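A.B. asks: for now just these chains, pulled out of the complex without moving them:
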Amino acid sequence: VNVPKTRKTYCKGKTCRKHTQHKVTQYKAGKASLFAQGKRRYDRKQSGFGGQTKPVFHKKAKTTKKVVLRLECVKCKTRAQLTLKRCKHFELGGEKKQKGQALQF
Amino acid sequence: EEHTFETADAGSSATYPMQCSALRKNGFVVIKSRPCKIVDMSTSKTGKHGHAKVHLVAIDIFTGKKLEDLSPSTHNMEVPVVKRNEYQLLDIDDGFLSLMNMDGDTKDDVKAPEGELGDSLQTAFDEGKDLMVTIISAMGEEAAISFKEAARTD
Amino acid sequence: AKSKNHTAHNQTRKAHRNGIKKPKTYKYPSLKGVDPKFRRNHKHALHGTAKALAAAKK
């Protein structure tokens, strides 16, 4: 698929609440870090014998992930996410398709 | 006004698993967390009330070593994804090769082949004549696979 | 091992033991579902119009 780098959509910043220009970043997982309740609460259960308790994951089937667009306004720069349907090949690149000029080779 | 553009990448994708009874000769399988192509395929009963296993033997695409596995056939062996880039080969510079996509000519990379077949290519380059050399990107591993050359194009 | 899967036999008779309950229509049907614009206006009518039917009587 393909998506525009720039998009004019609705922006609620309490200072505008009107359509503005948006630069489109792509969403990013991020480091799981530490200290999160799900970490302390976990490793406290991992220590000592008995080993693995919190169930491991195996059966993965789905090959795709909904691509999340991280939007930025150019005035108040709020960040409001947006979702797209599942796609295997993503790009934010430009060079919009032509009229159907002859397929090369 | 704002900058640095934070250019990143593309999202999604994967290597789709399948039922392990559909695999075939020159099918593509991940054993050892490594890609492979099947050569020897075998199925069997266990004993009386058999839940049938399958013992594949697969020779690597990239490394080349001969690998084996045995599993019951329902549970999945996750399959890598394969594509040819059909690159055209210009001069081979240093240890890398230099490949030209029709659309763009960037990306010399691809290490040049370890392949003994890449030696005939190494040999036949100075003779020339449109070097059209496919490679495969499967699981981000890319190395030269086959040499090919057109006969005309002028 | 196969079990009889799906059949309607002796159903349409069961429902007729209690005799097919009716919807029970009312006076003043609930206006749930009506457009808000016609419903917002309608609020100010009954609200006010009772007054000339209340305040005027004395």
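C.D. replies: Looks like it came in fine. Numbers count the residues shown, from 1 in each chain, chains lettered A, B, ... in the order given.
A.B. asks: give me the neighbour count for the residue of chain C found nearest chain A.
C.D. replies: With CB to the nearest CB, the shortest gap between chain C and chain A falls at residue C:36, namely 21.5 Å. C-betas here are computed from N, CA, C, even on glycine. For residue C:36, the neighbour count with other CB atoms under 10 Å in any protein chain shown is 8.
A.B. asks: how about residue B:132?
C.D. replies: Neighbour number of residue B:132 under other CB under 10 Å is 17.
A.B. asks: go on, residue B:81?
C.D. replies: Neighbour count of residue B:81, defined by other CB under 10 Å: 16.
A.B. asks: does the residue of chain A found nearest chain B count as helix, strand or coil?
C.D. replies: Of all residues in chain A, the one sitting closest to chain B is residue A:63 (3.7 Å; CB to the nearest CB). With DSSP: H, G, I helix; E, B strand; the rest coil as the basis, residue A:63 sits in coil.
A.B. asks: how about it, what does it touch?
C.D. replies: Going by CB atoms under 8 Å, 6 or more residues apart in numbering or on different chains, residue A:63 touches A:88, B:13, B:14, B:15, B:16.
A.B. asks: append RNA strand D to the structure above:
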RNA sequence: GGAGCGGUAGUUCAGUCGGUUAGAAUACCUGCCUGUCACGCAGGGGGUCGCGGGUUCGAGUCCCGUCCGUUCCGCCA
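C.D. replies: Okay, RNA strand D now, added to the rest:
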């Protein structure tokens, strides 16, 4: 009976699972070298890629049917 796969000049094989050029070998052909034939030299020609159909703008490079040719199961009694 089931299911699985093969079907490319001469012959053995790739491409053949990923469609818009069918590649090698040896075979057979030519001219030389030899007194001829070996051999070595310089070149050379040859296959809708087993058929019917259908998709596909395009199909050996897809799908179904034939055709033939492989296999594996065939057990608890």
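A.B. asks: burial measure for the closest residue to residue B:101 other than its chain neighbours, as a count.
C.D. replies: Among residues not flanking residue B:101 along the chain, residue B:87 sits closest, at 5.9 Å (CB to CB, 6 or more residues apart in numbering or on different chains). Residues near residue B:87, counting by other CB under 10 Å, number 22.
A.B. asks: can I get the CA coordinates of the longest strand anywhere in chain B in CSV?
C.D. replies: The residue-count maximum for a strand in chain B (DSSP state E) belongs to strand B:34-44. Provided in CSV are the C-alpha atoms of strand B:34-44 (Å, rounded to 0.1, in the frame of the first residue of the first chain):
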residue,chain,number,x,y,z
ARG,B,34,17.1,-20.7,9.7
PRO,B,35,15.7,-20.9,6.1
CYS,B,36,15.8,-24.1,4.1
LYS,B,37,14.6,-25.8,1.0
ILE,B,38,13.3,-29.4,1.2
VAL,B,39,15.1,-32.2,-0.5
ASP,B,40,14.2,-35.4,1.3
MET,B,41,10.7,-35.7,2.6
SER,B,42,9.4,-38.6,4.6
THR,B,43,6.2,-39.5,6.5
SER,B,44,5.6,-42.5,8.8
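A.B. asks: kindly incorporate the sequence below as RNA strand E:
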RNA sequence: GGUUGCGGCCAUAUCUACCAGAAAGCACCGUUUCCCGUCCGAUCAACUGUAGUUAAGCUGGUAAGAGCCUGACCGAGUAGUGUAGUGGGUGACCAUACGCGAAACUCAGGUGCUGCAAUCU
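C.D. replies: Below is RNA strand E, added to the chains above:
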């Protein structure tokens, strides 16, 4: 009754071939500067109805017409089915009582109706 503008039912109004048509009224026809738009003013825009036709579209008529619409106790109450029977039939199925009721073939017939506004020898 004719014509035009907007229509409503939407082949009793369409197709095909011929033959007509006063009056106005449409319609075909004339020029490219400005506005406009195409490879091209043929389409489209612009400009007078002038220069001219009614050939064409348009309306009407004609065609043992093709069609379509309707009807005909014509096909047929025949196919089909609801109900019911210790009715028949070796069965397949078929009669009967109570009731409903087709299509095709057939013949006969029709072939646009109509609302508002204006205008018309």
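A.B. asks: please reconsider the neighbour count of residue B:87 now that RNA strand E is part of the model.
C.D. replies: 22.
A.B. asks: kindly report the same for residue B:133.
C.D. replies: Residue B:133 has 21 neighbouring residues, counting by other CB under 10 Å.
A.B. asks: so it, which of the three states?
C.D. replies: Residue B:133 ends up strand, using three-state DSSP.
A.B. asks: need the nearest residue in space to it, chain neighbours excluded.
C.D. replies: Leaving aside its sequence neighbours, residue B:133 sits nearest to residue B:89 (CB to CB, 6+ apart; 4.3 Å).
A.B. asks: residue contacts, the one you found?
C.D. replies: With contact set as CB under 8 Å, 6+ apart, residue B:89 has these partners: B:97, B:98, B:99, B:100, B:121, B:125, B:131, B:132, B:133.
A.B. asks: taking those together, which two end up most distant?
C.D. replies: Using CB to CB, the contacts of residue B:89 span at most 15.1 Å, a distance reached by B:100 and B:121.
A.B. asks: mind jotting down where the strands sit in chain A?
C.D. replies: Residue ranges of the strands in chain A, as given by DSSP E, are A:6-9, A:20-26, A:68-73, A:79-83.
A.B. asks: direction included, what does the third one pair up with?
C.D. replies: Think strand A:68-73. strand A:20-26 (antiparallel), strand A:79-83 (antiparallel) (DSSP bridges).
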